Each structure stands twice: as C-alpha cells, then as structure tokens.
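Below, in structure tokens: the form deposited in one PDB entry, a single chain.
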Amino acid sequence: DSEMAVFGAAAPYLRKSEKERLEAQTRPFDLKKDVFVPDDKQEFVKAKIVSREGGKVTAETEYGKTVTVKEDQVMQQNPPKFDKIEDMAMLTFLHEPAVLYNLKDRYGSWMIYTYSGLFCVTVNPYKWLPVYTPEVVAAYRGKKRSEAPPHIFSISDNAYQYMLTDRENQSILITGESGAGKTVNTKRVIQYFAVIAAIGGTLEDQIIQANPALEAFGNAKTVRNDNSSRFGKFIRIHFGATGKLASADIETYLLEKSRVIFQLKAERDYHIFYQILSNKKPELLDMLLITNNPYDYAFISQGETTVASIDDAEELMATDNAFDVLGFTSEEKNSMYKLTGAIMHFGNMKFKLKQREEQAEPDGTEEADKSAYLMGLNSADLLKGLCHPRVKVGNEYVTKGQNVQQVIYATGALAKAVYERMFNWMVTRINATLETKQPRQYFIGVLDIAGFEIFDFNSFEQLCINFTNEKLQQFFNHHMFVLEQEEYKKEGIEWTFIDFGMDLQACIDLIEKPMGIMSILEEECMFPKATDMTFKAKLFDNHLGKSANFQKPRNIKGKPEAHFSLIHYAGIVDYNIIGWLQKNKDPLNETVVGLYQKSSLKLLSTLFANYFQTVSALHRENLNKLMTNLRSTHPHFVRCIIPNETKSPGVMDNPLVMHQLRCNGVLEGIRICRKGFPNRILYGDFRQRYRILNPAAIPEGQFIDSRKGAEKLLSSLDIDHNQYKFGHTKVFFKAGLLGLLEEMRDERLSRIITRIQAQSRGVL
C-alpha cells in the first residue's frame, strides 16, 4: 500500500487497506434503524429498529432474534465512516457498545492498539505479530499521534517528544489484569528507546538484556498467565539534555517470596529452577549436586513442573547469556546457581522427633551435607543451629526446643529469605552496571505493577498486589477526573464540575489508614498472644458494617474456605486469612543467619551482611514513595485488556472485556476528553509557536500584552471561537483544535519555503 509503504510488512496490521478505507463508505446503513440493544449472553448486539411502540421499541437483532426494549435503553450505532477509527474520542456516538464494538472490529483484523483520547487501549493477541520489527521503530520515529496509527511505539515517541518540549519527566504507566500484556508492552517501550539510541557503547543492549535476567528469577507460570511476572517493576530510563540515552535504573517493589516453597496446583515455581533442570546442562548439574528429575525436590515438585508453552532448554541459554551481557563475572554467575541449587536440596532435609523428648533432630544428613557445601557451611553447625536456635534475652541466651513442625517452617523461612535477598541483590548488581555516568537531566519511568489477581486461595500475597492496583487506578482517577477538573476552576474556565463516579478512596481507606486491614496486621505483631482467629475477630469487630467495602465471605461450594470478601475495584475477592501474622513479619533463626554471615561464599556473606519493620510497613512506605514520585511527572497511560481467558487468539468474550472497560473507567476517560479541554498552552509559548500563522495580527516590535495578543490572534484565524477558552494563565483548547492549528502551521510554513525558492529564482 502506497501511503503505508513506510511500515512495510506490518502495514496490514496498522491500517485497513486503501480498498477498505473507501469500500467502508459504501456500506448499507439506515441511521433511523441501526442501533445497539442489550442482551444477556453478550452485552450488546447490533440491531435494526422494526417499529416504535410509544416509550417501547421493537427491533430485529443481527442474529435475527426479535427483541423488545424500552426507548431510553436503545442506543444508536456509530455510522459506518467511523468503522475501526484510530482515536475513539472522535466518534459521533460514544457509549458502552460503541467502544466495545469498535475494539472488537479493530481486533477482528488484529489491529490491536487503539487510542482513547489521552490514553490507549491494548487488546491482547495470543499470536505474535510482525508489527514490532525494528524497521517499524524507524518508521515511527518523530511522528505525531495524529499522523501514525496507534501503536506502543507511538506512545513512547509521543512521551519522548513531550519530554523534549516541556522539559518535564515522563512516566508511562501500563495497567491491566494478569495476562493482559503489561510486561511485553514494557519490553516494547524499552525496545523502542534502545533501537532509537542504537541508530542515533553497549548500554542500549544492556537495558534490553536487563529484562531476561530478571524474568528468569522473577516470573513463574500461574493459571492466569504462563509468564506471570510476580514482581512490580518501575524502569527509570534516563536521558541527557541532548535527548540521547544516558543511563537506566531498575526498581522492583515486592516479590512473591512464598512461591519458592509453596505452589498451588496448575502453577510453577520461578523459571530459574526449572530451566536449570530441563536443559540437562552438565556444566551446572555436575557443579550443583542435583539429579535431573524435578519430582524429588519437595519445594519444586508440587503443582506442575512443565508446560507446553515454554522451551526451558533454550531459555536457560538466553538467561545465562543475559547475565554475561550485564557483566556478571563467571564465579558470581556460578555462585547464584549454587544458592538456587541449595534451595532445591534445602526442602528435602528430613527431621524426626526424638521419641520422648518432643524435640526434632535430623533424620538423615546427606541433603544437609549437599546444601552446606554449596552455601559454604559446617554441616554439623547448620543442623545444630537449625534445631537449637540461640535467642538473645539480655545477659543470657535461652535455647529453644524446636518441634518437628516448626523446624520445617524454619527451613522454609530461611529458603524464602536467601532467595529474596539474592533477587534484591541482583537488581542492585544490574543498576550498578547500568549507571554509565553519562550526562543526565530527565527521566522516563515505565511501570508494570503485577496485575490484579483472583486465584482460589487469596492469601496475603494477593492483598499486597491488589492494593497496588487499587492505588494505581486511584492515581489514574485522580489525574484524569479530579486534577483535570481542578485546573479548570483554578484557571477560571466557565466550567461545571462533572461527577464521573470513578473514585476508590473509600476502599483504600479500608487498607491504608491506621485502623485499616494493613494496620491491624501491624498492631497484632506487637502481641505475643495474638493468633489469626483472634486477628480475624478484630477485623470483623472493627469493620463489619463500619465500611461498605468489607463484607462477610461468600463461600461457594468447592472453593476453599475464605474468611472475608473485599469489594476491590475490579471484583469481589474472597481472601483466606490463615497464617498472615507470621507472613507479615517472618522472623529468621538468628543463629543460622549467623552461619550465613560466616559462609565462605562471598555472595551469601554479602546477602545477609547487616541483617522492627513489617512486610506491610516497608511495602506501604515504598508504594507511597512511588506515587509521590509519579505525581511529579506527566503520565502517559496505556490500558491493557485481556480479551479471552482461554488464551486462544482472536476470539473475544464480550462480558469479560466489558467488565474490564467499565472498571478501568475507559468510557469516562474518553468523555472527559470530549467534554473538557484536553490541550492547553501557556500564552508565552502560544505567541512563540503560533504567531507564524498570522504575523500581521500582532507585530512583534510593537508592544502588546501576551494575553491580549493571543486574544487578538485567534479571532483572525477564521476558526470556531467556541472551540477554545481563555484562562488566567493559559489558553485552553477542545479536542481537535490543537491539531487544526498544527495543520495550519505546517501548511503556511511550506508555502513560505516555496516563496523562498521563488525569490531565489527571482533575484538570479
């Protein structure tokens, strides 16, 4: 296609063909008849009105079924010239099925990205597409969102152009459920900035390879997504004043550290454990005293060890190379396989009660002997200190007799803690390689928090993930719907505050505040006699009937026992409260940690060096640190939509996507663009950029007030004076009018350039 020639082989997946762009205007269409009507098994269906029956209406659906629906509920189709429109704000009719059927029609030819005014909607295709080839990065460079079709490269590029123009730090905030596409879209953003910087060192590649290193240790197969990324990641890319790639920093906010020892059915451990095994690689499995079968490792065997989607034998080589490119030295790279090897043995250690003494001692020794060799420990001191911890009580240490159940837990607590400290060290190792010391002024922070989750055993590790979602949407709701309406009244626009009905602070108050759920877990760590049944009672007495979002559990038949239900923004989640009081503090055996501090292995001695602050406190403070930082940046949202739970491509379930569109607030997010004034410019820059349009309206060199100058200027530009407004400090524009000025600006400049050529011929 001629216009699409710059996008190459990706062009059929970025615009409809030059045939269809014309042929769609030929479609049969009666505006009086083409409507959407509601239906139960599929949220809306296209229909033709058959008759009017006063305040009722009768219609024939697209599937030929007759329907009768009330006239306030039947709702017009968008007319066919708007089919597959690239920026849905410009629809003639905007409503629930309009955004639904437009997204289905773009997805119905695998055009996946779509704009929604100030943000984007990304449906997930479970099929790889050529739309990410590296020549398309060059085709996207420097274009406006009004020119090029919607794509993740366009949003990064628009964010980059805004950075250079307004001199303010950008953030790209990618949001959606588990399985929606947040990780790959983060990778594509990082891919764009890498390839741009590589056309114009090795930093450009290191920031690509910094992902698959972490994806080995931080991602694990769960039923919602085979590559579900169990940690929230915020990548700050740093750029110099010239705009070149300078450096990058990774932050990683929480890890599901209990997955190392506990897995549900249909789930894996972290990928590093299974790709060590599956490649059969003798350079590891002779250094680590492993045997090639996962099923005898008690930490790893439960759940599912293998999946059709992932070829671990190649993924191991990819991540072993990824540590090479990041510069991990060979002894250091081998060393972290040793701990990831030791953790497999560490769960196989058997312990037995002495028959009258009610104290546990090691049933065997060989699996402890393997672990102590890898961790660089004395096996005799390891098993002694594990079964006989010395706890300091002032002047004396008392020795506690561990029963067989609690010594098993103590191994689990140690295994978790080694893994989480090794992972968090690796991020600190990556950041130290990436700090290139190139000159710097601005940053672009790309965020993919762990997506909203509903498993069937919603333990504490899903409250922290679902609370993070509820804050980040409340960041979106604050930015798009409240701050966008505080600015209007502050600048004195003739505006009336609109109640969009999208606000969540009533539910965050149930979690974050000092008598919310995550505050009771901080009080009950102070009491030695607290227990989870007493904790659960303290919740109900404080919150049942004293908040709307806190409800009694709805135990369905089959589903495990659950102890309450929360009304989170995207669904009713039935948490299980067993064991949260240890999970919120998780204390280590102080003596065995003293052995890790005396390990010969330089890594493990570093991991526990300089080992009061709960898991929730450190989380909540870090999360409020994150969203303090984001408020000092201009956010670009990209919404991600999971179209199908079956993971089959192209088929879309209408109720499931409609639930996501509503709770992401996508419909309100477009309405504020059509109602409000999304583009706004300071009068100083308005004089500076746009006086070219009509220089005679305000002659520089003759003084005029910059406000009064703009007021004269726009009146002379033969444009509709209802589309713009004058505030105290800024001019404000309706949705399309900024584009109209840009088009008029380039047209006049081009004419001037032709006059420059013509005068040159004239003087010669």
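All residue numbers refer to positions in the sequence shown, first residue = 1.
Asker: If I compare the deposited sequence with the modelled residues, how many are absent between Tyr611 and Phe612: none, 1 to 3, 4 to 9, or 10 or more?
Answerer: The entry leaves 10 or more residues without coordinates here.
Asker: Just how many deposited residues go unmodelled from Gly394 to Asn395: none, 1 to 3, 4 to 9, or 10 or more?
Answerer: The entry leaves nothing out here.
Omitted here: the form deposited in another entry. The next part is about that form.
Asker: Which of these, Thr165, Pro678, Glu62, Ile719, is at the hinge when you compare the rigid parts of the chain between the shown form and the other one?
Answerer: Looking at the options, the one at the hinge is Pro678.
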